[PDB]
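Novice: I am attaching a structure below and will ask some questions about it afterwards.
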Amino acid sequence: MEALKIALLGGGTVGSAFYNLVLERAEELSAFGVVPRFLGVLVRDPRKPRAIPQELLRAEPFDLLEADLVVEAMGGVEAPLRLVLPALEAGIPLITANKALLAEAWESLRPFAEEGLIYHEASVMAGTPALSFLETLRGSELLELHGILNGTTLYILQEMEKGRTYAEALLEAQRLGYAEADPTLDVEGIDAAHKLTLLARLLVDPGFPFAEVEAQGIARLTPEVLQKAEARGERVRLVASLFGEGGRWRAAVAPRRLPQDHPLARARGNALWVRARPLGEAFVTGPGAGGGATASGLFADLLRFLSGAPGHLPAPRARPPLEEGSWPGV
Amino acid sequence: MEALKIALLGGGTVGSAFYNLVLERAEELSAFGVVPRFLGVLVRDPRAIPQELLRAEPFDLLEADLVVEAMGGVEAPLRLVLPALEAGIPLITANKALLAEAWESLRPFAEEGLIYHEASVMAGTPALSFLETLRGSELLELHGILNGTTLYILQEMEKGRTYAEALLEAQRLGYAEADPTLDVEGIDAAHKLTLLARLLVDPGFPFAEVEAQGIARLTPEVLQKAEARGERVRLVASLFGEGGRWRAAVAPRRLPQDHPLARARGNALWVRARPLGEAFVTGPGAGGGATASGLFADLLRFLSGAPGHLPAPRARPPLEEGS
Ligand SMILES: N[C@@H](CCO)C(=O)O
Ligand SMILES: N[C@@H](CCO)C(=O)O
Ligand code: NA
Ligand code: NA
């Protein structure tokens, strides 16, 4: 019964949900010969009430190099980057839900992702299978991908359909723990753009640049626009699309007018829809935000690791699209 | 650059789609530093594979890097694959009957990461990888539509087609097992359910504990009565706790018409789990190209250095006495 030494960066909603899920499932972990021990938990304010023992809280960065895993849920990009690099350089894996970090700091992190050191299932659609879904879809050649990747904005549109205001729905989504610390990221399409980038890199181009995604959000939408779409037989959603234009992959995020019977329109959670050759049309859906939903993703990766599987790899080379693709905007 | 020496067992619709997919996608493989080299294709009936590669009799597998099996049956493929597994050679298979019935012999190799079998449930639609990620949570209930032939038949009988006429149409389309009994009496669903249970909740789950029935009581009139009640009938494979133990069943179920499982056009797996919540995957569960996508996914999984599909490390406790 060896120690599994975990350094946890972040003690907010996700880090806490993680810490507690680990404790609750500690029995399950003995089935691999380990007992989880947290070396420490990086938090901003050690005085806040928190379901993590005081004795483990760290206000300043702590040495990571004795850890077996670093789990990162601390927010931002540059700071987590500088903290995880020394661990990665030492061959310590990282488990993360940090889609901005992966999207924006890929020059530094790609070499370690290539070595199977980075697990990030929870960085897209939380614990809903998304990266594992695309790992399987590698069996085919991608024709087109369209996803509703951002939970906060799905929630807002679902509530506006029911007549609720933008502002009301937003505030609710922040209370549910769906929104980013900057909710602009959610509502302007940027969070969906981060996630789209990561899907592109896994599936078709390991160097795909975040800056190439063309993103717009939901700031022009209102209950009246969604009610006019309901009368046309349509639902408006924020959709992240990857498709071929002139022999190159084009990535875009934008509101789209969907037929109301489409899988993407009827999904209650977040959703990822793929057409690929020769499989055909496949889709996955589930909760794409929240503390528990995200911790399920991080824990799934912890189990992937402990089972002996490596992390999520980028696509082994870039390849061009098989066909010219094209949903209608609002 | 290394040669990947592949022994393919089966030259039917699946074997053939797989052979052609591997050669068509040989550039994809060279991005892992390999070149695919088939040793031979074992064939039952002496298709879209060169005649010179066909083998009417079994061939030594021990110099293979990988064995791929899409032969069907149990004991014949088992005896052909076991010497390879004993030598540490991995197996990629779509053969759900084999895994469900010969688990006493196959489990120890599955536990060492030598068996890849995504294609064995819902073909190349993610099902085993979906549950691998769901292990982050604990299962409360699982329900799937795991057989394509019976989904086709029910869908056609909704439209007023008779059982026999839909089954023949399913047979032309290539969905049905060679004996359609395995489809229509729920057995094929019950093989697949067993495999899902062993991955997620109990690595010793016996195929014999699955309580399976098929679609033989169903007709166009029954499905129309269900439609008038706002329901669809489907053949559903369920996994749920009852008095402290996991139970597995296959049977026709009256579903709400707007349920994800009722609205799915292909196979579907629907789960509630703690703390994730409700998740769902759907896509084609049958067919040559669909199956071949699964087997090739597994090949790429293997070549990237990831092990095969592991059983659950230990039986898990049910959280809910459901139904
Ligand atoms: N703000 C994100 C959180 C989960 O990544 C969302 O709404 O999807
Ligand atoms: N006969 C099976 C093939 C897929 O394994 C079906 O109908 O689902
Ligand atoms: Na995910
Ligand atoms: Na599958």
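Novice: Residues of B:307-316, mean number of Cβ from any other protein chain within 10 Å of their own Cβ, rounded to a whole number? Kindly include the intermediate steps, with their values, before the conclusion.
Specialist: Values: counts 4, 1, 0, 4, 0, 2, 9, 5, 1, 4.
That average works out to 3.
Novice: A 32 angstrom limit on the alpha carbon distance is what I want to check against. Which of A:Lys5/A:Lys48; A:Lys99/A:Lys162; A:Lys48/A:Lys162 exceed it? It would help to have the intermediate numbers written out before the result.
Specialist: Numbers: A:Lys5/A:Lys48 24 Å; A:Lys99/A:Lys162 30 Å; A:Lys48/A:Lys162 37 Å.
Long pairs (Cα-Cα over 32 Å): A:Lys48/A:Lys162.
Novice: Now, a different point. Sort out for me the Cα centre separation of the range A:299-330 from the range B:285-323, rounded to whole Å.
Specialist: Taking the Cα centre of each part, the range A:299-330 and the range B:285-323 sit 17 Å apart.
Novice: Hey, any idea what the orientation-averaged projected area of the convex hull of the range A:79-144's Cα atoms comes to, in nm²?
Specialist: 5.1 nm²
Novice: Output the Cα-based Rg and Dmax of chain B in Å, rounding Rg to one decimal and Dmax to a whole number.
Specialist: So, for chain B, Rg and Dmax equal 19.7, 62 Å respectively.
Novice: Another question about this same structure. Equivalent ellipsoid semi-axes for the range B:1-120, as square roots of 5 times the alpha carbon gyration tensor eigenvalues: give them largest first, rounded to whole Å.
Specialist: Values: eigenvalues 93, 62, 34 Å².
In descending order the semi-axes read 22, 18, 13 Å.
Novice: Cut-off is 10 Å between beta-carbons; in what order do A:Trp249, A:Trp327 appear when sorted fewest neighbours first? Walk me through the intermediate numbers first.
Specialist: On the way: A:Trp249 21, A:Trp327 18.
In order of increasing Cβ crowding within 10 Å: A:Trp327, A:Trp249.
Novice: Return the average number of partner chain Cβ atoms within 10 angstrom of each residue Cβ along peptide A:235-244.
Specialist: Details: counts 0, 0, 0, 0, 0, 0, 0, 0, 0, 0.
Counting other chains' Cβ atoms within 10 Å and averaging over A:235-244 gives 0.
Novice: Taking only DSSP H segments of four or more residues, each worth -39500 (n - 2.57), what value at 222 nm results for chain A once the sum is divided by all its residues, to the nearest 500 deg cm²/dmol?
Specialist: -10000 deg cm²/dmol
Novice: Here is a further query. With a Cα-only, solvent-free Debye model of the protein assembly as shown, what are the log10 I(q)/I(0) values at q = 0.05, 0.06 Å⁻¹?
Specialist: Those come out to -0.22, -0.31, one per q.
Novice: Right, another one. Net charge within 11 Å of B:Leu146 by Cβ-Cβ distance, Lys/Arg positive one each and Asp/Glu negative one each, not counting B:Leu146 itself? Let's see the in-between values first.
Specialist: Values: positive: B:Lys96, B:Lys192, B:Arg234; negative: B:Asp183, B:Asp188.
Result for the local shell: +1.
Novice: Sort B:228-236, A:290-298 by the packing proxy (mean of other Cβ within 10 Å over each peptide's residues), most packed first.
Specialist: Working: B:228-236: 18.6, A:290-298: 28.0.
Top to bottom by mean Cβ count within 10 Å: A:290-298, B:228-236.
Novice: What is the local net charge at A:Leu226, summed over the other residues whose Cβ is closer than 13 Å to its Cβ (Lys, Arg +1; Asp, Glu -1)? Don't skip to the answer; put the middle values down first.
Specialist: Numbers: positive: A:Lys162, A:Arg164, A:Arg220, A:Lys228, A:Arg232, A:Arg235, A:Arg237, A:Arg256, A:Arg257; negative: A:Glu159, A:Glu161, A:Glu224, A:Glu230, A:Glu234.
For residues surrounding A:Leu226, the net value is +4.
Novice: Let me ask you something else. Give me the net charge of B:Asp65's neighbourhood, meaning all other residues with Cβ under 15 Å from the Cβ of B:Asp65; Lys, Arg count +1, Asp, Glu -1.
Specialist: Details: positive: B:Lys5, B:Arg37, B:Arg301; negative: B:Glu2, B:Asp60, B:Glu63, B:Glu69, B:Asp298.
Neighbourhood net charge equals -2.
Novice: Report, in whole Å, the centroid distance computed from the Cα atoms of the range A:14-93 and the range B:145-224.
Specialist: 46 Å
Novice: Evaluate the Kirkwood expression for the hydrodynamic radius of the range B:135-283, namely the inverse of the mean inverse distance over all pairs of different C-alpha atoms, and round to one decimal in Å. Show your work: numbers first, answer last.
Specialist: Numbers: mean 1/r = 0.0636 Å⁻¹.
Mean inverse Cα-Cα distance, inverted, gives 15.7 Å.
Novice: Follow-up. Return the average number of partner chain Cβ atoms within 10 angstrom of each residue Cβ along peptide A:140-146.
Specialist: Mean number of neighbouring Cβ atoms from other chains: 2.
Novice: Run the reach check for B:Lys159 against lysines, Cα to Cα strictly under 23 Å, same-chain hits fewer than 8 apart removed. What comes back?
Specialist: Leaving aside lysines fewer than 8 places away in the same chain, those within reach of B:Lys159 are B:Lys225.
Novice: Follow-up question, since we're still on this one. How long is the range B:45-174 along each principal axis, judged by its Cα atoms, biggest number first, in Å?
Specialist: Here the Cα extents, ordered largest to smallest, are 53, 47, 23 Å.
Novice: I've got another one for you. So for the range B:203-323, what percent of the C-alpha to C-alpha distances run longer than 23 Å?
Specialist: Details: 3613 of 7260 pairs.
It works out to 50 percent of all Cα pairs.
In this analysis, Cβ positions are derived from the backbone assuming ideal geometry, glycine residues included, and neighbour counts consider all displayed protein chains. Throughout, read-outs are computed from the coordinates displayed, never taken from laboratory work.
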